[PDB]
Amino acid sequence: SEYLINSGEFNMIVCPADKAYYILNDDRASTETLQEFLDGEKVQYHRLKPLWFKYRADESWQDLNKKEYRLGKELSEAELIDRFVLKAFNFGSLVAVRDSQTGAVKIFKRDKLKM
């Protein structure tokens, strides 16, 4: 699936499968790509710059209990990305979600679609 995520004053499309996210602005390239995303048509991600989050493949951290975690052991990279995109973990940011196969779009925050 592909996720329209709000980060305050701008939206981004996150594609976990491709490890790519695209920052949308008030420009033609963004509005046309967003239109394709929402309308269930083939999304032309080629006309936007692909970025990815700057967590290391070997991220290690301590929780407040001082318990030690390592990415790929205690938590998978797939599970970490889930915690930023899924309705269960980041509903405060989740504007809309698109099914990759069927191209079916669920819109949560209609007010956040036009930024």
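Numbering starts at 1 and runs along the sequence shown.
Higher mean CA temperature factor between 80 to 88 and 35 to 43: 35 to 43, per the PDB entry.
Looking at 24 to 32 and 62 to 70 together, the entry lists the larger mean B-factor for 62 to 70, computed on C-alpha atoms. When the modelled residues of the chain are ordered by their C-alpha B factor, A57 lands in the highest third. In this PDB entry, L75 carries a Cα temperature factor that places it within the highest third of its chain's modelled residues.
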